[PDB]
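Written below as structure tokens is the structure these notes are about.
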Amino acid sequence: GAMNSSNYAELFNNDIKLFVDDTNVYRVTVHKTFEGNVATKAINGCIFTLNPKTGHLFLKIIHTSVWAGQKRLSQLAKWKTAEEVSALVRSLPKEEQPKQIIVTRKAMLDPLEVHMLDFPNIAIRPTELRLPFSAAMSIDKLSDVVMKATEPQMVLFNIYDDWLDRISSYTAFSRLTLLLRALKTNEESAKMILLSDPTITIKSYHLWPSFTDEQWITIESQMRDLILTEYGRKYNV
Amino acid sequence: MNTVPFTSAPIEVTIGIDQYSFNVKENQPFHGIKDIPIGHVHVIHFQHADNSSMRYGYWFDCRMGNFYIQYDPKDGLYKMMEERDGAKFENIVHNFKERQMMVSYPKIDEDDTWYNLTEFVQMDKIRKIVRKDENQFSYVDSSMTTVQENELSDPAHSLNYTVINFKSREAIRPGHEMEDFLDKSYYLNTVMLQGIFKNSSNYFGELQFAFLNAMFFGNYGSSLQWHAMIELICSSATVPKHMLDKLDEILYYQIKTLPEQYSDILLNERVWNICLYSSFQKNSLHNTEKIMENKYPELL
Ligand SMILES: COc1cc(CN)ccc1C
Ligand SMILES: COc1cc(CN)ccc1C
């Protein structure tokens, strides 16, 4: 069934689950050709597969070569996503396989369900939550590994850095979605907010800066002000 | 021509015989139907005047025996039975024929409707769908469920249609997920035709029987089966040319015969719009599309 605001704590219970976002799988630049027609050039993409309890992110990089000579690429991308998620589940020991997979766009439901017929006990679900996982490519270290890749490749991250040492997964998810929402609404400002203090660095083995508890509250406030600021610029309120 | 003799008509009832219906009043001197065309299956069906709940009836072929109908006052319905004593049967039938107590199947000589609805329906295949093999005729009613409906509850009183499920391992070859989901030709041609039905005549026979049971009994699971079987063909990129042509003919006469006033509960808007306008065979069913558009344009 659909995941929404009524059953939101289910994300953080002890049943293994993954979110799958396919927004950034098939990415193109659109340009004019010499003859003045339009054509696309594809660039590297990625599947964003995330355990919201642990922060474990399975970043499957989608190299442009996987589109070569294929037709109807927007449709193929949903099936390529479903094929790679199925491949991931099969590669995991049984006790690590998810009990549920939540897709962020409903168009992923059939492709994934078809690829996972072999796993009838894994529930494939949509969600009414609008999650900002498309902004994942505003995270510099993630964007860099996607663009540098010369072959298909899976890279594993913890998108919560070390936060779970200090906060619950519910709070770490809330932080993450507010950070991603901010980067999605105004990327420049969000990054400005995150780095304006050169004395807070990003550890080589982390994605986000090493903010103290107190500094995270400030940062969170500034991000909410930004999302409100942009809402105001947008709708003229 | 053959005859179905009735012991009596003790309760008021609407009787149907294939695509015809007539009313019999309580204790009216009714003793059956005569002049039934030899050569086709037939169905004789019932709706009680005091309880339109439970339409029910019997599929039969007069070439396979001498059958008759008697009211059973314990089970409360008109039952088909077989008289094995041929002498007794001819004797029984000739007296009612002489006293003119039998209505005549109105087999118009310019009409092929029944043939066109039953072209591929044979008793042998009906008896595989409806299991009750001590009788040579087969009982169906409004509320019988299908084997697939039981999966989703008595197996003796079920309709054993072939299960069709587009998101099932049978429908989808490992490694051809996208291909086999978006183009059902493997499922239609290799799994169903070559593997289960063996030929297209058996597949069309089940299709036609599913429609007839939906229409005559309002059997909801038969209606699902008819739509599923259509959609599998229309959703297959590769279908033999002769099946598409015959399918167009099958459907044309089903649509032509459907009561206008039952169209809302017998026709699935999604399947038909998909089949006629989006599917691989959107342009391959000229006769059916033309009749659907002129008869049920609301649904489209
Ligand atoms: C209606 O015709 C029949 C009636 C009985 C006994 N009611 C036996 C056999 C036949 C043919
Ligand atoms: C009276 O009997 C019949 C009547 C009609 C038309 N109501 C069709 C067929 C039969 C046997």
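Protein sequences appear in the order of chains A and B.
Quick note, the first sequence lines up with residues 1833 to 2069 if you use the entry's author numbering.
Quick note, the second sequence lines up with residues 1 to 152, 170 to 317 if you use the entry's author numbering.
Note that CB positions come from ideal geometry on N, CA and C, so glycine has one too.
Beta-carbon within less than 8 Å of residue i's beta-carbon, same chain only, minus the 5 sequence neighbours each way: which residues are those?
i                : result
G57 of chain B   : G16, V43, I44, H45, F46, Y139, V140, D141, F233, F234
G1833 of chain A : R1957
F1965 of chain A : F1851, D1853, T1855, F1880, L1882, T1936, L2012
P2030 of chain A : none
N216 of chain B  : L210
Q70 of chain B   : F6, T7, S8, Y78, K79, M81
Just checking: is the beta-carbon of residue i within a distance shorter than 9 Å of some beta-carbon in chain A?
i               : result
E194 of chain B : yes
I189 of chain B : yes
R186 of chain B : yes
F198 of chain B : yes
Cβ of residue i within 9 Å of Cβ of residue j?
i                      : j                : result
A1967 of chain A       : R2013 of chain A : yes
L205 of chain B        : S240 of chain B  : no
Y1992 of chain A       : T1881 of chain A : no
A254 of chain B        : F297 of chain B  : yes
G76 of chain B         : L176 of chain B  : no
residue 332 of chain B : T7 of chain B    : No answer is possible for residue 332 of chain B: it lies beyond the span of chain B, which begins at 1 and ends at 317.
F137 of chain B        : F60 of chain B   : yes
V1935 of chain A       : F1851 of chain A : yes
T1865 of chain A       : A1874 of chain A : no
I1894 of chain A       : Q1929 of chain A : no
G1877 of chain A       : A1909 of chain A : yes
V93 of chain B         : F30 of chain B   : no
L317 of chain B        : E286 of chain B  : yes
residue 318 of chain B : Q242 of chain B  : There is no way to answer for residue 318 of chain B, as the model of chain B reaches only from 1 to 317.
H1888 of chain A       : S1918 of chain A : no
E83 of chain B         : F67 of chain B   : yes
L2027 of chain A       : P2041 of chain A : yes
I2032 of chain A       : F2043 of chain A : yes
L1961 of chain A       : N2018 of chain A : no
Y313 of chain B        : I272 of chain B  : yes
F228 of chain B        : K263 of chain B  : no
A2022 of chain A       : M2055 of chain A : yes
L1891 of chain A       : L1988 of chain A : yes
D2045 of chain A       : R1998 of chain A : yes
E2052 of chain A       : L2015 of chain A : no
To which residues of the same chain is residue i closer than 7 Å at the C-beta, ignoring the five residues directly before and after it?
i                      : result
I1971 of chain A       : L2039
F226 of chain B        : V121, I126, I129
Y2037 of chain A       : none
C62 of chain B         : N2, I36, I38
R1937 of chain A       : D1854
residue 328 of chain B : Outside the shown range of chain B (1 to 317) lies residue 328 of chain B, about which nothing can therefore be said.
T118 of chain B        : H40, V41, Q225
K25 of chain B         : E12
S1906 of chain A       : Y1858
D18 of chain B         : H42, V43, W114
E149 of chain B        : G238
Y20 of chain B         : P106
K299 of chain B        : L293
Using a Cβ-Cβ cut-off of 6 Å (strictly less than) and excluding sequence neighbours within five positions of residue i, which residues of its own chain qualify?
i                : result
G192 of chain B  : none
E306 of chain B  : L293
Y269 of chain B  : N304, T305, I308
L1843 of chain A : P1884
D197 of chain B  : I189, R190, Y203
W1899 of chain A : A1874, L1905
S280 of chain B  : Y313
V1860 of chain A : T1872, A1874
Residue i CB to nearest chain B CB: under 9 Å?
i                : result
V1946 of chain A : yes
Using a Cβ-Cβ cutoff of 9 Å, what residues of the region 1907-1928 of chain A are near chain B? List them in chain order.
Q1907, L1908, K1910, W1911, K1912, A1914, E1915, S1918
Entirely enclosed beta strand (DSSP E) segments - the region 1884-1963 of chain A, minimum 3 residues:
Counting only runs of 3 or more residues that sit fully inside the region 1884-1963 of chain A, the beta strand (DSSP E) segments are 1888-1894, 1932-1935, 1955-1957, in chain order.
Report the start-end ranges of each alpha helix (DSSP H) in the region 187-274 of chain B that is 4 residues or longer and not cut off at the edges.
194-199, 217-234, 237-251, 258-274
Give the residues from the region 1930-1961 of chain A that approach chain B closer than 9 Å (Cβ to any Cβ), ordered along the chain.
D1942, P1943, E1945, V1946, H1947, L1949, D1950
Just to confirm the assignment: which complete beta strand (DSSP E) runs, minimum length 3, are found wholly within the region 1980-2029 of chain A?
DSSP assignment within the region 1980-2029 of chain A yields the following whole beta strand (DSSP E) runs of 3 residues or more, N-terminal first: 1985-1990.
With a floor of 3 residues, list each beta strand (DSSP E) that falls wholly inside the region 63-133 of chain B, ordered by position along the chain.
67-72, 77-82
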